[PDB]
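**Q** Before we start, here is the structure in question, set down as structure tokens.
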Number of protein chains: 2
Amino acid sequence: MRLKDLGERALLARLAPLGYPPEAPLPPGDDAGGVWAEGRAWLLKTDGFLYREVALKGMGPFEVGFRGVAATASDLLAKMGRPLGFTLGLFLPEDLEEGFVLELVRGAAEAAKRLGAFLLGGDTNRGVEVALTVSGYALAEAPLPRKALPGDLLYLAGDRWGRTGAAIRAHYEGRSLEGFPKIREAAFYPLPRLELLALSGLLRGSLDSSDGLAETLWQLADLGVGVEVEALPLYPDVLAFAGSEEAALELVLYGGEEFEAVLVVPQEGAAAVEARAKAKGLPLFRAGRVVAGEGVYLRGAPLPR
Amino acid sequence: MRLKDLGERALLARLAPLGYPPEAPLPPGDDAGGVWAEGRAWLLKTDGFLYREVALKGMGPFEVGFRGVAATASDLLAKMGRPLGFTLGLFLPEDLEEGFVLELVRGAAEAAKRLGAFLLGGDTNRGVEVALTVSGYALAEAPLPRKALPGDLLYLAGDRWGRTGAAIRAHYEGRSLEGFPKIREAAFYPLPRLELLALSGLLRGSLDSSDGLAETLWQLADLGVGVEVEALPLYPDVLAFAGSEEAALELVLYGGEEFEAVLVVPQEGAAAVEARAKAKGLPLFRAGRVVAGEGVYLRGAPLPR
């Protein structure tokens, strides 16, 4: 079967276990992969993309490089790994201007610096179209896998929910983001949250949302549980942009590229976690909880994948 | 200035220090990059390439995936890092058969397994042409930077010298490798050389020859020294394939893709190094020495880069 008909989800599921370590700190198909080395869970993650598929109107190579590192760092942080460094794989057309490449690299270096991390080099190769892969490694004291048990609460960390969806929709509709700076920042400089690490060792599991929250909630449900969302964050700017509560909901659920984490919090320490996040400046939103059975629900109604 | 006019060396040289750590276990622009973490030098490296640039006649996706890991692993090993895992970044045209992709990943997984390493996942994306990047991390107890002092001896480790160049030349000339099994193996399955680690903590420096021996020797000279090559290994099969000493030397010096290390050994430790290599199964060849000054010479004659 050709990739077109196969689909990305099916292909990824088939490739996930190949060569994966049997006694790993994280299961196959998680937000990152890794091995146990001298008492620490060393994580490794590679994210790739075509320049023309991530660069929204107003974004230049600087923003693209910055987002590449941010994307990879977010997956590592959701697994409770502290990103230490990143490497770049670049495919560049021969007629590309060197200034363009310098911008891509400085953008990436800037995102790395904000995290206290570095660029450890990379590689460049001739290519037909500008394409890039960003890999990063992280040291995790308590690796957080995608796991959940009926009874645990579901929390949304960070504040890019609905905003990255708005930015993409604006880009597709040809609408300006003048008047929506937080939405623009969410798309141009999505800062991965080191504060997530304040919750290391306290959570049951997590999933990084890069392909939409609804899609992520179903990835959680597919673990073998039911998901009941009682509330979702609808930021004032997201509502203004959307025009209605219903329109804002679609941006929040079917937006994408949020690179914010969905956290599975055991009822036991839910009070502490809120306190911890609060104490460390980590935005936290209680969305719902995990239950026995299957399916994903939004206030009782079925939430479509 | 266009990339085509700038050159790979010039470009890479400009990007190398960008975002690199000031207290790193390896200098910027080395065979790999890394940071010191809890007493160990953790190295990270990315090697990318286009499928068509690597696939020689007779090679399929399994061999290409194997070589991607072999290459990344070789750079890490030259720095004395023990490779622990790799991640893949794949760019794939939508009309590709799924089996082709499965071969790529299994090939990579095979090379990783030979090293006692694993595949930790990766990412896939649509592309106009098959392109791949392999990233890997390694734990180095004693990171080995590219470093050299006048009086130091130059050794070549491994046995792919001249053979990878012969394979490439064969492909270009449409010449059969029937009767040249070692040359074919050097191109199809360049086994990553774990035995290099037997020399951990004994050498002054090293460089991995991924782009040709002469090029690698000039990179060594660019550290601020002169290089005198007194002898080079001309294997029987390389000589037979080449037809003459001259043609053979050209394949050895301007071949490429060897992924074998050039080692800088202190005079005082050479006897011990050779003994250690012999005891642990690491092919080693004494080729010359480092001297004060500049430039690379082959038996007194300037060696073109």
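**Q** Within the stretch A:170-207, can you find the residues that are under 15 Å from A:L282 (Cβ atoms) and not in a helix (DSSP H, G or I)?
**A** Result: A:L191, A:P192, A:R193, A:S200, A:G201, A:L202, A:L203, A:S206.
**Q** Based on what the data block shows, is A:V229 crowded, with 16+ Cβ neighbours inside 10 Å, touching a residue at least 24 places away in the same chain (Cβ under 8 Å) and under 23 Å from A:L144 (Cβ atoms)?
**A** When the stated conditions are applied, A:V229 passes them.
**Q** Pick from B:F66, B:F100, B:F86, B:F91: which is within 7 Å of another protein chain (Cβ to nearest Cβ), touching a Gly at 6+ places or on another chain (Cβ under 9 Å), within 23 Å of A:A16 (Cβ to Cβ) and of a type in the set (F, W, Y)?
**A** B:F91
**Q** Taking the residues in the stretch B:1-13 that are out of contact with any strand residue (DSSP E or B) (no Cβ under 8 Å at 6 or more places or on another chain) and within 7 Å of another protein chain (Cβ to nearest Cβ) as candidates, determine which candidate is surrounded by the fewest Cβ atoms within 10 Å (Cβ to Cβ).
**A** By that ranking, first place goes to B:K4.
**Q** Taking the stretch B:232-253 as the search range and keeping residues that are under 30 Å from B:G81 (Cα atoms) and more than 18 Å from the chain's Cα centre (by Cα), which one is surrounded by the fewest Cβ atoms within 10 Å (Cβ to Cβ)?
**A** Ranking the candidates gives B:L234 first.
**Q** Do you know which residues across the stretch A:111-124 are at the interface with chain B (Cβ under 8 Å from one of its Cβ atoms), under 11 Å from A:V69 (Cα atoms) and touching a residue at least 12 places away in the same chain (Cβ under 8 Å)?
**A** Listed by number, the residues that qualify are A:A112, A:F118, A:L119.
**Q** Also, quick follow-up: Just for the stretch B:152-168: of the residues that are crowded, with 19+ Cβ neighbours inside 10 Å and charged (D, E, K, R), which one is farthest from the other protein chains (Cβ to nearest Cβ)?
**A** Here the residue is B:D152.
**Q** Taking into account only those residues within the stretch B:127-151 that are outside any loop (DSSP other than H, G, I, E, B) and at the interface with chain A (Cβ under 7 Å from one of its Cβ atoms), which is farthest from B:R67 (Cα to Cα)?
**A** Filtering first and then ranking leaves B:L139.
**Q** On the basis of being assigned to a strand (DSSP E or B) and buried (at least 21 other Cβ atoms within 10 Å of the Cβ), does A:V290 make the cut?
**A** For A:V290, the condition - assigned to a strand (DSSP E or B) and buried (at least 21 other Cβ atoms within 10 Å of the Cβ) - is met.
**Q** Something else now. Condition (residue is farther than 30 Å from A:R175 by Cα and more than 11 Å from chain B (Cβ to nearest Cβ)) applied to the stretch A:21-40: is it met by at least one residue?
**A** Scanning the stretch A:21-40 turns up no residue that is farther than 30 Å from A:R175 by Cα and more than 11 Å from chain B (Cβ to nearest Cβ).
**Q** Condition first: of a type outside the set (F, W, Y) and over 17 Å from the mean Cα position of the chain (by Cα). Now tell me which residues in the stretch A:162-183 satisfy that.
**A** Passing the criteria: A:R169, A:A170, A:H171, A:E173, A:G174, A:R175, A:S176, A:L177, A:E178, A:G179, A:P181, A:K182.
**Q** Here is a check on your reading of the model: is B:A261 surrounded by 22 or more Cβ atoms within 10 Å (Cβ to Cβ) and either of a type in the set (A, V, I, L, M) or more than 20 Å from B:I183 (Cβ to Cβ) (or both)?
**A** So B:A261 passes the test.
**Q** Buried (at least 24 other Cβ atoms within 10 Å of the Cβ) and free of Cβ contacts under 8 Å to residues at least 24 places away in the same chain: is that true of A:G33 in this structure?
**A** The answer is yes for A:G33.
**Q** Outside the structural domain of B:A187 (by CATH), buried (at least 24 other Cβ atoms within 10 Å of the Cβ) and touching a residue at least 40 places away in the same chain (Cβ under 8 Å) - does that describe any residue in the stretch B:50-61?
**A** no
**Q** Something else: Of (1) out of contact with any helix residue (DSSP H, G or I) (no Cβ under 7 Å at 6 or more places or on another chain); (2) more than 23 Å from B:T46 (Cβ to Cβ), A:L44 satisfies all except one. Which?
**A** For A:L44, the failing item is (2).
**Q** Give, as residue ranges, the strands (runs of 3 or more DSSP E) completely inside the stretch A:23-114 that count at least 3 residues that are under 17 Å from B:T124 (Cα atoms) and in contact with a strand residue (DSSP E or B) (Cβ under 7 Å, 6 or more places away or on another chain).
**A** A:40-50, A:81-92
Cβ atoms come from the backbone with ideal geometry, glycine included; neighbour counts cover every protein chain shown. What is reported rests on the model, the rules as stated and the sources as named; none is laboratory data.
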